[PDB]
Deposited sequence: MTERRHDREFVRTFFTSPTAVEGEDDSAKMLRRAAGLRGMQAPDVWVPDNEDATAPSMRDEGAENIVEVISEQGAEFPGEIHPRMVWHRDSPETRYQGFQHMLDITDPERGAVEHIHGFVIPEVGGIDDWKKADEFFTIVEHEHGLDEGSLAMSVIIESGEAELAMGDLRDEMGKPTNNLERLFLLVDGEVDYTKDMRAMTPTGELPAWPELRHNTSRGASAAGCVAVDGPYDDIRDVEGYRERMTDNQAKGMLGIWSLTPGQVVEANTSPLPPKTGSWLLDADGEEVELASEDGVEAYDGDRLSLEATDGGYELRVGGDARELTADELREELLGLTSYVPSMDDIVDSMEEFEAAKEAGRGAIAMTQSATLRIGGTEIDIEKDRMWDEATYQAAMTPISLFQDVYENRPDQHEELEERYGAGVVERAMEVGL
């Protein structure tokens, strides 16, 4: 099975906020200035999670201003991320509308744009809705069919499975799914969707998701990439995961800073020298396990970005479900958290 895109491999997939609460295109203009090993193979001005939602309409204008003035020199491929969601026609329509604004050829961005990145997709028929949107945007703006590459973030159970019959869905003459380019794991939301929880709240490793995504990319002629690694300071951990991914055939990974771009650009390359193997630094050695109360102070005082919120919303949710349906447990639950904490936890949206 063969890849349909100019980039046979992609080591770095680097996101930037598109409009910050100054010159709101700040992050974009600098990220566009990156050259050499500090530049990602793929650059993602991110109008989705990186960007506060009320900044999002401005983000799309900034995407057009910055790629307009500066896209031409940017050495990698550019693929901004739209909003989208398998469960939310308004979000779908929003993403398509931004996509349509961004690509108006009279504005100078489109010709430096290689494609777009569609977060939160569902089952294959949700992928077909996005693909249909790309087809329409292309037609409205005299671009060639298939020229906008679509890449998807795999971040629900449904989308992990959808990778299974992609080879044959993709060849139906009623979609243009050949446009698929990257299959990008999104451990953060995948964790929410799967209702998983860890005692520290660090992402579970999901080796099977990563296998499944490497498999799907290989069987369908796409390129697999792994998702953000948030602990930016933990250079060793980031290299350890990239090495683990490389043993899955997942060869690119998300980068969050220009230092991550450098680690990421370098890791899959063979080392300079040979090597022989044998049979406040304290912070990178400490992980905290929050208490019910910790988590409810924290949430309470959040009203940490969205994703820290939703992550903890799980044990709290399991708590609320339990509280709502187990009167018989009401007493022992209180005898264990204090009556104050309990009806405080009950209050978390």
Original post:
Where are the gaps relative to the deposited sequence?
Top reply: 1, 23-24, 283-330, 355-386, 433
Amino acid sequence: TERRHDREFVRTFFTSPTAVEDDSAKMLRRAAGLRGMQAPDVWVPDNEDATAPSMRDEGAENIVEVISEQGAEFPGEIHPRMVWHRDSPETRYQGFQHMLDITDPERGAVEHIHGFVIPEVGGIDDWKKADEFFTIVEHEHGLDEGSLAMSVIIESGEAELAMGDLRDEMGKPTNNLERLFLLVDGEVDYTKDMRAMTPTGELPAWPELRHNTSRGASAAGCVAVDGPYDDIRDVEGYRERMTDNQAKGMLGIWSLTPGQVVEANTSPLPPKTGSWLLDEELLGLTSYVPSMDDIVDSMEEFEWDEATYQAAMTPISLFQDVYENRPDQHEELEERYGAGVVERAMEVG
From here on, numbers count along this sequence of modelled residues.
Original post:
Would 87-95 or 257-265 have the larger average of its C-alpha temperature factors, as given in the entry?
Top reply: 257-265
Original post:
Between 269-277 and 193-201, which has the larger average Cα B-factor in the PDB entry?
Top reply: 269-277
Original post:
Which listed residue, 64, 285, 44, 39, has the largest C-alpha temperature factor in the record?
Top reply: 285
Subject >> Candidate residues 114, 172, 233, 179, the one whose C-alpha B factor the record puts highest >> reply: 233
**OP:** Taking the chain's C-alpha temperature factors as the reference, tell me which third residue 337 falls into: lowest, middle or highest.
**Re:** highest
**OP:** Check where residue 140 lands among this chain's C-alpha B-factors and tell me if it's the lowest, middle or highest third.
**Re:** middle
**OP:** Grab the CA temperature factor for residue 227 from the record and place it in the lowest, middle or highest third of its chain.
**Re:** lowest
**OP:** State the tercile, meaning the lowest, middle or highest third, of residue 123 with respect to the CA B-factors recorded for its chain.
**Re:** lowest
Original post:
Lowest, middle or highest third of the chain for the C-alpha temperature factor of residue 240?
Top reply: highest
